[PDB]
């Protein structure tokens, strides 16, 4: 079970790794490294949690739990998965969604609405539970399927704007006036629809593509999306409208929709994004651009490489894709800031090596 999955994506390439035989050993080593640095029982209330790095004093954000659960199930670590999930369950708010911010002492933060939920985190946690149900079954200590069905319902009821199907960034704010393209996970929603029978999720997926279609009027054909925007693709008041640390995840979530479902809107969007980055090459990728393409920051790090390699999966240029795979493996952030970028690096590596199959397919 788990890595290596030995499965083939129904659309596009299954892997862009140059040496398929060494990939498995590499993934396992990177996972062991991630595990030792990120997983801790300190401040976990008797379970385990994914901690951020020294830069934020080893706190925990729900986003980290989503990443950790997806990685734990893909690497077939059931005992770890269960302990991480018990921590999540001990942090479900009044709406049945996870507190987004908790300190290293297990206290929810009050200055930043830490008790509210962040949509991208819970959607990742829900997908991880589906993988768990499919891989291991739900007759053990935790009934993954039931937990998944419950979380998906809460996600729809509190994180989707009724009537418009616009994805909200949290359970208590946003929607048409402010949403986050990097949270758009059409492949996840299609899986939710098929897994639960709730077809409303397909509408949410379509609405995500319609919003990005609006963004295309302002990005000058670069394929770049803003960190935040309204449902009209315009700037959200007081929120970044540039392609920075949030937006970088868009290429990864979108590419998966092409690999799993062959969605042509996904290919069109990812090919555009890949073509933009092809101008400067794999080494030229920096950590900040306006959506029209101007460089606004100049650091080359792990938060921005892997997502572009993921986007290259849709087939703009398979030679450039190999260079991007090589760069993704090569660039690993220092430990002081080792949480975010290194987590995205490992998730994208699973995907681009053919190790992130649709959990509803034949595993």
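Working only within region 222-258, note down all residues that are at positive phi and surrounded by 20 or more Cβ atoms within 10 Å (Cβ to Cβ).
223, 233
Right, residue 80: within 17 Å of residue 3 (Cβ to Cβ), touching a helix residue (DSSP H, G or I) at 6+ places or on another chain (Cβ under 7 Å) and surrounded by fewer than 22 Cβ atoms within 10 Å (Cβ to Cβ) or not?
Yes, satisfied.
Conditions tested, residue by residue: (1) assigned to a helix (DSSP H, G or I); (2) touching a strand residue (DSSP E or B) at 6+ places or on another chain (Cβ under 7 Å); (3) within 27 Å of residue 156 (Cα to Cα).
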site: 207; (1), (2), (3): yes, no, yes
site: 221; (1), (2), (3): no, no, no
site: 232; (1), (2), (3): no, no, yes
site: 235; (1), (2), (3): no, yes, yes
site: 260; (1), (2), (3): yes, no, yes
site: 267; (1), (2), (3): yes, no, yes
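Quick check on region 190-204: of everything there that is without any contact (Cβ under 8 Å) to a residue 24 or more places away in the chain and in a helix (DSSP H, G or I), which residue is nearest to residue 304 (Cα to Cα)?
Looking at the filtered set, the residue picked out is 202.
Report yes if some residue within region 33-43 is assigned to a loop (DSSP other than H, G, I, E, B), in contact with a helix residue (DSSP H, G or I) (Cβ under 7 Å, 6 or more places away or on another chain) and under 25 Å from residue 356 (Cα atoms); otherwise report no.
No: region 33-43 contains no residue that is assigned to a loop (DSSP other than H, G, I, E, B), in contact with a helix residue (DSSP H, G or I) (Cβ under 7 Å, 6 or more places away or on another chain) and under 25 Å from residue 356 (Cα atoms).
Go through region 160-177 and count every residue that is at negative phi and surrounded by 17 or more Cβ atoms within 10 Å (Cβ to Cβ).
The total comes to 8.
Within region 183-196, is even one residue crowded, with 21+ Cβ neighbours inside 10 Å, closer than 22 Å to residue 237 by Cβ and within 16 Å of the chain's Cα centre (by Cα)?
Yes; the residues of region 183-196 include at least one that is crowded, with 21+ Cβ neighbours inside 10 Å, closer than 22 Å to residue 237 by Cβ and within 16 Å of the chain's Cα centre (by Cα).
Test residue 361 against the criterion of being assigned to a loop (DSSP other than H, G, I, E, B), surrounded by fewer than 16 Cβ atoms within 10 Å (Cβ to Cβ) and touching a residue at least 60 places away in the same chain (Cβ under 8 Å), and give yes or no.
yes
Looking at region 237-249 only, could you name the residues that are part of a helix (DSSP H, G or I) and within 20 Å of residue 177 (Cβ to Cβ)?
Within region 237-249, 247 is the sole residue that qualifies.
Go through (1) in a loop (DSSP other than H, G, I, E, B); (2) out of contact with any helix residue (DSSP H, G or I) (no Cβ under 6 Å at 6 or more places or on another chain); (3) closer than 27 Å to residue 150 by Cα one by one and return the number of the condition residue 58 breaks.
(3)
Taking residue 298 as the residue in question, decide whether it is assigned to a loop (DSSP other than H, G, I, E, B), out of contact with any strand residue (DSSP E or B) (no Cβ under 6 Å at 6 or more places or on another chain) and either exposed (fewer than 15 other Cβ atoms within 10 Å of the Cβ) or free of Cβ contacts under 8 Å to residues at least 24 places away in the same chain (or both).
When the stated conditions are applied, residue 298 passes them.
What residue, of 80, 84, 71, is in contact with a strand residue (DSSP E or B) (Cβ under 8 Å, 6 or more places away or on another chain), assigned to a helix (DSSP H, G or I) and closer than 20 Å to residue 363 by Cβ?
Just one listed residue meets the conditions, 80.
For residues that are under 15 Å from residue 116 (Cβ atoms), part of a loop (DSSP other than H, G, I, E, B) and in contact (Cβ under 8 Å) with a residue 60 or more places away in the chain, tally how many sit in region 135-171.
Here the count works out to 1.
For residues that are free of Cβ contacts under 8 Å to residues at least 24 places away in the same chain and either surrounded by 23 or more Cβ atoms within 10 Å (Cβ to Cβ) or part of a helix (DSSP H, G or I) (or both), tally how many sit in region 326-354.
Adding up the residues that qualify gives 1.
Looking at (1) surrounded by fewer than 20 Cβ atoms within 10 Å (Cβ to Cβ); (2) not in a helix (DSSP H, G or I), can you tell me which one residue 323 breaks?
(2)
All of the numbers you see were taken from the coordinates with simple rules; none came from a lab. No Cβ is skipped: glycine too gets one built from the backbone with ideal geometry, and neighbour counts run over all protein chains shown.
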